[PDB]
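Chains, contacts and geometry: an overview
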Amino acid sequence: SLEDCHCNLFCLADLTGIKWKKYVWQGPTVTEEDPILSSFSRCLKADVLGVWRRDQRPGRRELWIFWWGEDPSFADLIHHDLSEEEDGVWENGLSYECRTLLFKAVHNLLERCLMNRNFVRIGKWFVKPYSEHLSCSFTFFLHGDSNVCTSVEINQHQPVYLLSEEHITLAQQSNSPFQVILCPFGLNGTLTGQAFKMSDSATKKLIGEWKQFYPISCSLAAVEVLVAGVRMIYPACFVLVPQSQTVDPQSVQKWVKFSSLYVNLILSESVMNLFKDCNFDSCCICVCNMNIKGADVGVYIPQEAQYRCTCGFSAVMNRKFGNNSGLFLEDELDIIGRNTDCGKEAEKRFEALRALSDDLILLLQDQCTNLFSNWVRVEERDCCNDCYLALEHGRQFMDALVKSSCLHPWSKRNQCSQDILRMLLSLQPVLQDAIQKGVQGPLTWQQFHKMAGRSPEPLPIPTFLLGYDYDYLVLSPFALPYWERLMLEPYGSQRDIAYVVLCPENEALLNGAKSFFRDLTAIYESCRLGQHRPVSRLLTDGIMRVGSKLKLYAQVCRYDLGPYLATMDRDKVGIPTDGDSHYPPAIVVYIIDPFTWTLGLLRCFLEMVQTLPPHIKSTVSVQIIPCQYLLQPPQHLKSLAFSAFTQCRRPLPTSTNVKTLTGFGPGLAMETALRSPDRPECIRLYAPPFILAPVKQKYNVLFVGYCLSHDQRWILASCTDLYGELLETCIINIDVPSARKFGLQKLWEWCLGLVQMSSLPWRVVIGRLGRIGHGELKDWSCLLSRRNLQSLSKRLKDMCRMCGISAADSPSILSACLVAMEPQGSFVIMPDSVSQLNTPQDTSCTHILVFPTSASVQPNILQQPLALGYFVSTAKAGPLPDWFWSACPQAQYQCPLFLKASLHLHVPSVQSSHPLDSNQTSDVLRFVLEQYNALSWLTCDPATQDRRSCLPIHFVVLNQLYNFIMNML
Amino acid sequence: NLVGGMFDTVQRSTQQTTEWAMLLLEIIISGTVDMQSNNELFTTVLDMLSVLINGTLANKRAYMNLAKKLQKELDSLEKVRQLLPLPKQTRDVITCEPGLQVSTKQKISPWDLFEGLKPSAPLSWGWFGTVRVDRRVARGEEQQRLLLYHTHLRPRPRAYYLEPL
Amino acid sequence: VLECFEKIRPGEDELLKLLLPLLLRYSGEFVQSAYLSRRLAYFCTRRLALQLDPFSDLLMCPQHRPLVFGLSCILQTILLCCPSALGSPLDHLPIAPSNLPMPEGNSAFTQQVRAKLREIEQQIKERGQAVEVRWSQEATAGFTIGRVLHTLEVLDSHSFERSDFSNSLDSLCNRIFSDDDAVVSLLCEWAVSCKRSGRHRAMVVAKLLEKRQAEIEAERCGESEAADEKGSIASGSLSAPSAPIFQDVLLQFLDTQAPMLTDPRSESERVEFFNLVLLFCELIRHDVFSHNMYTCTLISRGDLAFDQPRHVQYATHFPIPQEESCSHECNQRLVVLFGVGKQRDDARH
Ligand SMILES: [Zn+2]
Ligand SMILES: [Zn+2]
């Protein structure tokens, strides 16, 4: 159980009873002369929450003061020319503007308290200069109705050393430029070596102004340093100097052969001033003015008049996710900008990424249907882009090199459970004294679930459906290793398989196969799956032989397999015949691969599909195995057996054998309606070895998941049922030399194709493996609206009569929802810390917390997060795409994996209680997610003790065909 | 530095080897020293422990005698398990006992799991919460028979999607 | 399985070829126990000594080609996964496991693991030394006292009536053996002693050290004399060409040990003071010490001094035997060290 393990959340304070005042200054189109900063340093020494920033109007800056209870002294901390324009309390409602302005204000005091306690700051990191010496990163968000919390990201870094007189001496004797860390923001520059003394009058006025904002110690005082080609005088106290699995591959490799105050002032306004709520990370296009730019981003990103953007959209934070994650290429260029920089670099990367038959691509999606199978970041440049504006302003004060190496590479270069929580206990009195001038320590997940005001139990394990006797059987998933022991019977009623084996003329390689497939005959038949007998004609026990050399392998593949696939009864006297009374076996060809592009073996299947009669070719499956399985090694035999039994896909019978012998009747009526040309052919009904057990009108819910390929050429989708009784997928191509509306349109008639082959009303839930961009949702909302689903309801009543009478037989859609799926990467929990069975070594568990995530506490598309919930799981995940984890790749390798799911449409009651029909935004999360947990439990390989990965099967099978199209094309 | 000295006196006795084998196990298993504090300490503290138990051989009977006294109490765990003998292994089953949570784990020898006897003799059906439910037709199968009277719109021939725009 | 592997007759390769895949199939569980790993490594290493009596000669034989490769890889993967099993089996192997033959293919895979074999083999090399020293006066102040207990024994027990080739000061200095700067603090306090006496010892310590301070440092001074031109700072100092590098600042060990050492009223410290001034005299006589900086320290002590203080007691009572050398070094130093007043000229008279 993970209810009692520690995660990294510290409850800071409460927003209840808070009071704030906003002050305004208008200036022309000097630090003590500046009324904004003189009041800012004065209140910072007063230990009250303060934050300053600019506005859309030039020469216009503001101050914010936050406090609880008794007001501070306002007759001295505020300049004479300063005036107020806002006086707000907690009970009057908080905007999103005032919500994140606390987060910078609490960080203003928290940075100052950290500098007093022998910690130094490099950008977004705080580390102790010279394991118990680690760098920590702070971000702030509001969880619950009024509660404020923070999360600490702790990463291992190389040790850093403070600058002293010793390093200056070797710097002057060094002919090469000497590389040091500059500023609280981690700038990279060259130390020339001109040290300064505290008795100098030049540094005397310098250290007096520096102490007003930054708490500096109190002899060496300053040093001349050159950064980005510009020399600048800086205090030496803030200058820093840095220090400057295997066995398995070998085994098989064996087996191959023998077988500067003004500079930091401007940099504080745009680099550390962007601390937003992490619950808004799944954000989208603005609802207030319907733009990809809004709020106060227009002074941070380089007009149009956005008027009071009250939603939580921030285009700065949004851009980071947009640059390298799975997104539409039209939408990707909107977030970057075709006119501005790096839009040409993304176009070049896509075009270099690209630089065949239609039926062969269809073959690729059949084999992966079953259960069992560089680029620089944008805000790395944006900080370097803000380096140019800050350095130009500071050089004006005194009267490609900047964008290249402005910031130090110490932050971008790179554990245990006990040492991290030791630092978490160490940080606890620091944050407690920061607010008191209480704080909960390391929260458990039970504490996190309690504090939200909403079950803290782990989510229950759903059962399956099997059969021990001829009847059905509800079973736990833990009896899956005991399939042949309990001799259970699956769905599908024991389909029999006849097989052909393709093998070269190597004698040592020949004998390993005939031992393998006879044992494969045993494991398929010891388990209750039918008969694994070969082709009934005797050809060296069902194995045929053949004979760069692939052309020789292909001629006899084509010239032989074509036409091949195209009265005494002693013991029958004691028993009588039963009578005339009332299914062909599956044909799956087995192919061995001597190669260690291998599409040439698959080119046989393109030749066998065409040169056969339709009755033979309607059910033909292809099986590929490597040749190294025969020679060098259990769990392999049963896994290959259940995959082929899944891929049989038994077709619906076309002949019904009524033998009515009458000119007309009801027996001929269903016979005639079955052979009508508007019925499709080759239904290929799907029955897995196990389906989801039912949970106590008649309805059905579909789960569909889609994501793009490595290029933007292909959109790949897969769909499942509520109980997982159906498993279908599709490939849709969009290639251009408008362009994105047609691809999203083409997916939906395929989605409408599956529901209209049923005849009960449906409920639709769309999953996206990637992140929903700004332009996808415009198509997803417009054509899948309330009116249009009512429009197709009137249309479907036309061609089908009984859809007109009974609505329960019409396969319409009752409600529509969209869920985006993306990682969080902010919080971490360790299972080793406690407060009869320990969880992660032997089993998996899943815990959920959800919330409505209202924009403030106080047309067709509402707010960008309708509701959000976290998906943490002890179960590990499989191979994810690269663009999935380009957001925060440091959270990939932790075993309890954090996921972030949001809501985007939530269209209830189209035909006008079900959990999806409720207008409460929290309930529609907590319906689909435990079924998402349920379909994740259908991914259990019976050769594996647990499920082979996390995530639902429609996401996994989509990744099973994404990795196949990665490797093979 | 002390116990490296009279280590040659330790192997003179037999039971005093085991009396000094157990006291240092409490130190290593309690996490008083870890890898990040001193890598070289774990290199040292197992080196005489390698030949502490080799001194039992140079009898085999005494070797299993103190071995059964050391797995009984229990990356750091990987190193201490390298010196001790290869243990016998028993098959594990995870028991739910229900909503439906997980409760316990039972260990069973693999010599009992055979298909000769018709019911589950070493396995309890109440471990799994097994429910016998009656036979019903497939829900997809009855949808095909129910589809025969509607004659809805034509589905795509699955190659229409793989076309240029 | 390891009992089955020790019964193969030597020089026969037609049985261990078919038993070679038995090694690889069970290799996943040998690394979990060191005693099977120790038993196989002593089995593996003793086999490789047979086929050597170079490795490319066995590669052309198809019978011998998998044998040398398969026995090489198993010993490689034991130490990478279970290094606690290695006085050691590797002592019988004349070839290191780092440059031991490896299977072909990816060189980047092979060069990555070749760095991995050698850093673990170095780690197990220093660990085996720690076993053989049984995990063990190495304290520096203890070694200094450890030098006190033994150098004083080998010099007090040595007579001085005969300066034989065994008792010669060329042989006495070498039989003693930073620690060079610690023994000169040890040899000096030997000669000042009140318990044992005889100024034959006092002549030895000056003559043990007048020539040794200029003959073993001058070998390294000429190395420093060629590489002393590094920019303006080294040119601004020019320590080596101005004067040769010489052993110095040994005077600061001896000025501390005299609170009021100017009296004969206490009998033990009187002969301590009597030895002290003659020892200071014979360092100047033989030019034992760096007298260029020996003078300047007492000038600095004389200048910064202002029942009399001991630094005034030092320069008043130290006998310099270097007479009529230079008036700017000897004569003008004797005048300025005793204040202002011309009553000292009558005692000069
Ligand atoms: Zn807005
Ligand atoms: Zn219909």
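Quick look at the structure, then. (Residues numbered from 1 in each chain as written, not as in the entry; some residues may be left out. Chains lettered and ligands numbered in written order. Part of a larger assembly, values for the part shown. Heavy atoms only, no water.)

1. Observations concerning the overall build of chain A
Scanning chain A from N- to C-terminus turns up 28 helices and 30 strands. Evaluated residue by residue, chain A yields a buried proportion of 54% over its 969 residues. With the model as given, the accessible surface of chain A reaches about 46100 Å², and the carbon-plus-sulfur share is 55%. The positive charge centre, built from 87 side chains, and the negative charge centre, built from 93, are 3 Å apart in chain A. (Helix = DSSP H or I, 4+ residues; strand = E, 2+ residues; numbered from the N terminus. Buried < 20%, exposed > 50% of the residue type's maximum accessible area, 1.4 Å probe, protein only. Areas by Shrake-Rupley, 256 points an atom, 1.4 Å probe, with all protein chains shown as cover. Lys, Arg positive; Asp, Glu negative; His and termini not counted. Charge placed at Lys NZ, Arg CZ, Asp CG, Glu CD.)

2. Notes on the overall build of chain B
Along its length, chain B carries 7 helices and 2 strands. Relative to the compact-globule value of 15 Å for 165 residues, chain B shows a C-alpha radius of gyration of 31 Å, a clear excess of over 25%. The C-alpha extent of chain B, read off along each of the three principal axes, is 95 × 55 × 30 Å. Put simply, chain B has 165 residues, and 26% of those count as buried. (Rg over C-alpha atoms; globule rule 2.2 N^0.38 Å.)

3. Re the coordination of the zinc ion (ligand 2)
Coordination of the zinc ion (ligand 2) by the protein involves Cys800 of chain A (SG), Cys803 of chain A (SG), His150 of chain B (ND1) and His152 of chain B (NE2), with metal-donor separations of 2.1 to 2.3 Å. Around the zinc ion (ligand 2), the 4 donor atoms are arranged such that angles at the metal cover 91 to 129 degrees; this shape is classified as tetrahedral. Residue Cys800 of chain A is located in the loop between α25 (786–799) and α26 (801–805), and its partner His152 of chain B is located in the segment after α7 (139–147); the two belong to separate chains. Each member of the pair, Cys800 of chain A as well as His152 of chain B, is classed as buried. (Donors = N, O, S within 2.8 Å, 3.2 Å for Na, K, Ca; no water. Tetrahedral: all angles 85-135°; square planar, octahedral: opposite > 155°, others 65-115°.)

4. A closer look at the packing of aromatic side chains
Residue and element names in this part refer to chain A. All chains considered together, the criterion is met by 42 aromatic pairs over all chains. Ring centres of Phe448 and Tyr870 lie 6.3 Å apart, and the angle between their planes is 15 degrees; this geometry places the pair in the stacked category. Each member of the pair, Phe448 as well as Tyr870, carries the same accessibility label: buried. A cation sits over an aromatic face here: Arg947 above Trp937, 4.5 Å from the ring centre. (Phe/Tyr/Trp six-rings, centres within 6.5 Å; stacked < 30°, edge-to-face > 60°. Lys NZ or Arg CZ within 6 Å of the ring centre and 35° of its normal.)

5. Thoughts on the interface of chain C and chain A
Facing the 15 residues of chain C at the interface are 10 residues of chain A. Counting the surface lost from both chain C and chain A, the interface buries some 1200 Å², and carbon and sulfur atoms represent 74% of this. On the chain C side of the contact with chain A, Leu24, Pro103 and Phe109 of chain C bury the most area, a combined 30% of that side's loss. At the junction of chain C and chain A, the tally comes to 0 salt bridges. Our enumeration of links across chain C and chain A arrives at 1 residue pair in polar contact. Breaking the side of chain C that touches chain A down by element, the ones donating at least two residues are α2 (20–25), α6 (65–81) and α7 (107–132) of chain C. Among the elements that take part in the side of chain C that touches chain A, α6 of chain C stands out by supplying 8 residues, more than any other. Class assignment of the residues belonging to the side of chain C that touches chain A gives a composition of 10 nonpolar, 2 polar and 3 charged. (Contact = heavy atoms within 4.5 Å. Buried area = accessible area lost by both parts, 1.4 Å probe. Salt bridge = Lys/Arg side-chain N within 4 Å of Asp/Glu carboxyl O. Polar contact = N/O pair within 3.5 Å; in protein donor to acceptor, adjacent residues only side chain to side chain. Nonpolar A, V, L, I, M, F, W, Y, C, P; charged D, E, K, R; others polar.)

6. Observations concerning the sheet that holds strand β22 (residues 691–692) of chain A
Residue and element names in this part refer to chain A. With antiparallel pairing, 3 strands are arranged side by side in an open sheet as β17-β16-β22. Among the strands making up the open sheet, the edge pair consists of β17 (473–475) and β22. Strand direction decides the pairing type here: strand β16 (residues 464–466) and β22, joined by 2 bridges, are antiparallel. From the neighbouring strand, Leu465 faces β22, where its bridge partner is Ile691. (Pairing = 2+ DSSP bridges.)

7. A short note on the state of the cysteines
Residues and elements named next belong to chain A. Here the structure, examined in full by the defined rule, presents 2 disulfides over all chains. Paired by a disulfide, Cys387 and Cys406 hold their sulfur atoms 2.0 Å apart. Here the S-S torsion is close to -85 degrees, and the disulfide linking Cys387 with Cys406 is therefore left-handed. Overall, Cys387 belongs to the buried group, its relative accessible area being 6%. Across the disulfide, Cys557 is cross-linked to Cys604 (sulfur-sulfur distance 2.0 Å). The residues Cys557 and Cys604 share a single accessibility class, namely buried. Once the disulfide-bonded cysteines of chain A are ranked by sequence position, their pairing pattern turns out to be 1-2, 3-4. Sulfur of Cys342: no disulfide; nearest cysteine sulfur belongs to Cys384 and is 13 Å away. Classification of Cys342 as buried rests on a relative accessible area of 1%. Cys950 carries a free sulfur, and the closest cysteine sulfur to it, the one in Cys895, is 10 Å from it. The class for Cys950 is buried, based on a relative accessible area of 3%. (Disulfide = S-S within 2.5 Å.)

8. What to know about the side chain of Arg60 of chain A
Residues and elements named next belong to chain A. Residue placement: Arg60 occurs in strand β4 (residues 60–68). Here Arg60 falls in the buried class, since its relative accessible area comes to 6%. In this structure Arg60 touches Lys22, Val24, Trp25, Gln26, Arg54, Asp55 and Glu85, once residues within four positions along its chain are discounted.

9. Looking at the nonpolar core
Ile497, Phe517, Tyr590, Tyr706, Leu747 and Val928 of chain A are the most contacted members of the largest nonpolar core, which has 142 residues in total. With sequence-adjacent residues up to four places away left out, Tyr706 of chain A is seen in contact with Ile715, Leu716, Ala717, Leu747, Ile766, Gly767, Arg768, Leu769, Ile772, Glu776, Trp780 and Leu958 of chain A. (Core = buried A, V, L, I, M, F, W, Y, C linked by side-chain atoms within 4.5 Å.)

10. Things to note about the interface of chain A and chain B
Counting residues at the interface gives 65 residues for chain A, matched by 54 residues for chain B. A combined buried area of about 5800 Å² lies between chain A and chain B, and 59% of that area is made up of carbon and sulfur atoms. Among the residues chain A hides against chain B, the three largest losses belong to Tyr472, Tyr482 and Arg485 of chain A. Together they make up 14% of the total. For the pair chain A and chain B, the number of links is 4 salt bridges. Measuring nitrogen to oxygen at the nearest pair gives 3.7 Å for the salt bridge that ties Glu163 of chain B to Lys746 of chain A. Remark: the boundary between chain A and chain B carries 16 residue pairs in polar contact. No other element matches helix α10 (residues 358–367) of chain A, which puts 5 residues into the side of chain A that touches chain B. Here the residues of the side of chain A that touches chain B are counted per class, giving 40 nonpolar, 10 polar and 15 charged.

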